[PDB]
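What follows is a single structure, written as structure tokens, with notes after it.
Residues: numbered from 1 along the sequence shown.
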Amino acid sequence: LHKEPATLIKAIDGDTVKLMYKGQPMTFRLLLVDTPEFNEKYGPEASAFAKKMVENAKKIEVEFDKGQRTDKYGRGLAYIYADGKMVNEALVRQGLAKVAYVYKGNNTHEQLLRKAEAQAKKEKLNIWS
Ligand SMILES: Cc1cn([C@H]2C[C@H](OP(=O)(O)O)[C@@H](COP(=O)(O)O)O2)c(=O)[nH]c1=O
Ligand SMILES: [Ca+2]
């Protein structure tokens with residue numbers, strides 16, 4: 001996989017964010033994770049964590065997987081990096097997201113994320129508390 005440039009337009013919630021990619025505004029949905037909706041338990045904390053991450057970053061990057069790059073709602077599907085750290089992974093590692101929506105052929109970082117989930121679960125963090 002390859003990291004590509006993007007810039008932040010606006011934080012949205014734990015697992016979606018608005019970025020400019022190839023010069024065009026798009027909403028990205030983070031691959032392989034599910035954060036709680038803002039209205040649910042840990043939703044506000046997931047949103048806050050994801051917002052801090054992308055707002056503090058000097059460099060945002062988008063990494064597509066091998067399969068579909070847009071979902072049925074026209075959201076981009078990608079792994080999002082903030083100053084080299086994967087947002088998808090960081091949410092999971094903090095117990096603010098579950099590994100989820102693992103579809104065949106867009107699952108390159110599955111085992112990396114499951115390893116983070118296991119560690120979050122072990123330390124009983126947030127969702128796992
Ligand atoms: C993460 C992801 C979500 N989706 C679709 C599945 C779900 O369909 P449904 O809306 O029919 O439940 C929805 C979940 O996104 P959200 O968790 O943002 O609601 O997005 C994909 O198709 N591919 C993906 O990789
Ligand atoms: Ca969600």
Practice problem: Only one of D71, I12, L19, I9 passes side-chain contact (heavy atoms from CB on, under 4.5 Å) with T27; say which it is. | Solution: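 The passing option is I12.
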Quiz item: With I60, which of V87, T7, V17, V54 fulfils side-chain contact (heavy atoms from CB on, under 4.5 Å)?
Solution: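 Result: among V87, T7, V17, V54, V54 is the only option passing the side-chain contact (heavy atoms from CB on, under 4.5 Å) with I60.
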Using the ring pair (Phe, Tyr, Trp, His ring centres under 6.0 Å) criterion, which residues pair with [X]? Sequence neighbours excluded.
{"X": "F49", "answer": "none"}
{"X": "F28", "answer": "none"}
{"X": "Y42", "answer": "none"}

Self-check item: Whether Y101 side chain and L31 backbone form a donor-acceptor pair below 3.5 Å
Solution: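 Side chain of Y101 to backbone of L31, a donor-acceptor pair under 3.5 Å: no, none is there.
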Quiz item: Residues two or more places apart in sequence or in another chain: which of them pass side-chain hydrogen bond (donor to acceptor under 3.5 Å, both in side chains) with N106?
Solution: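 Counting only residues at least two positions away or on another chain, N106 forms no side-chain hydrogen bond (donor to acceptor under 3.5 Å, both in side chains).
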Quiz prompt | Partner set under side-chain hydrogen bond (donor to acceptor under 3.5 Å, both in side chains) for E123, not counting sequence neighbours | solution =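 With sequence neighbours excluded, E123 shows a side-chain hydrogen bond (donor to acceptor under 3.5 Å, both in side chains) to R93, given in chain and number order.
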Self-check item: Test item: side-chain donor near acceptor, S47 and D13, under 3.5 Å
Solution: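 The criterion, which ignores hydrogens and geometry beyond distance, is not satisfied for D13 and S47.
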Practice problem: Just do the side-chain contact (heavy atoms from CB on, under 4.5 Å) check on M86 and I80 with the steps written out, would you? | Solution: CA-CA 6 Å; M86 206 205 300; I80 302 308; over 6 Å; no
Quiz item: Linking I/L/V/M/F/W/Y whenever any side-chain heavy atoms sit under 4.5 Å apart, do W128 and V33 land together?
Solution: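 Yes, one cluster joins them.
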Validation: residues 114-121 side-chain donor-acceptor distances under 3.5 Å, sequence neighbours left out:
residue : atom : partner : partner atom : Å
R114    : NE   : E110    : OE2          : 2.8
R114    : NH2  : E110    : OE2          : 3.3
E117    : OE1  : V99     : N            : 2.8

Quiz item: Is it true that atom NZ of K18 has more than 12 heavy atoms of other residues, nucleotides or ligands lying nearer than 6.0 Å?
Solution: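 Yes, enclosed.
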Practice problem: Taking only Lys NZ, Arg NE, NH1 and NH2, and the carboxylate oxygens of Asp or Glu, determine whether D15 and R29 approach each other closer than 4.0 Å. | Solution: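 Between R29 and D15 there is a salt bridge, with a charged N closer than 4.0 Å to a carboxylate O.
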Quiz item: Which one of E61, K59, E63 satisfies the side-chain hydrogen bond (donor to acceptor under 3.5 Å, both in side chains) criterion with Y81?
Solution: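 Of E61, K59, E63, side-chain hydrogen bond (donor to acceptor under 3.5 Å, both in side chains) with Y81 is met by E63 alone.
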